[PDB]
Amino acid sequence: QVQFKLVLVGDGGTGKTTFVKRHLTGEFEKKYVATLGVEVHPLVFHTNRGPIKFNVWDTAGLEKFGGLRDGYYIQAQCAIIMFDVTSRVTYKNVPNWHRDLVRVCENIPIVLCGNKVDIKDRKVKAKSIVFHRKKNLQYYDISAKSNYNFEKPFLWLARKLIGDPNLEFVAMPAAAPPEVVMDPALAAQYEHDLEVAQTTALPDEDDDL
């Protein structure tokens, strides 16, 4: 297993933490809780070339929660720059995040990601998104919410860091799960927890799943 430092940058509210959380746990966080400085989370993918680990430095986009700023970029081996296709300012600021990033990390693979393509009223049109071309960035339309192109940024970076263009993500092996007997001194503990859970509504009952 090899490990690579990935730095994730972009304006506040663009979906950086939401995107990482979904990759870590599968969960979709609807609330906006601004990152304070950086959160570091190990993220592992299974490839036809073995497991790859990203040490993901999810940085703060809001100036006032910025912390060490470019201090987070030191010895990064790859990067995602994030904006929100529903907010023009977030794309206008992409050149500023790229500037600060490449001044510290001169020769690293970088994906530009336009998040929230699930939202119908799109403000940053395909026609407008050209910044990546002269800067040799990979570009993907993504949605952390619909999972549109959800795996693409990491698959592309994995291909670049390992130096194999045919690297594929593969099904992580599935061990036989253990059999158990319910512990009779938690019987009364379980009917409770299960009562709260039956009477708490599932989110987003209008979606396809």
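From 1 onward, residues are counted along the sequence shown.
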Of the two stretches 170-178 and 34-42, which shows the higher Cα B-factor on average in the entry?
170-178
Stretch exceeding the other in mean C-alpha B-factor - 137-145, 50-58
50-58
Chain third (lowest, middle, highest) by recorded CA B-factor, residue given as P153
lowest
Of the three thirds of Cα B-factor ranks in this chain, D118 occupies the middle
Tell me, lowest, middle or highest third: where does the Cα B factor of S128 rank within its chain?
middle
Determine, from the deposited record, the chain-internal third of the Cα B-factor for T199: lowest, middle or highest.
highest
When the modelled residues of the chain are sorted by Cα temperature factor, does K16 land in the lowest, middle or highest third?
lowest
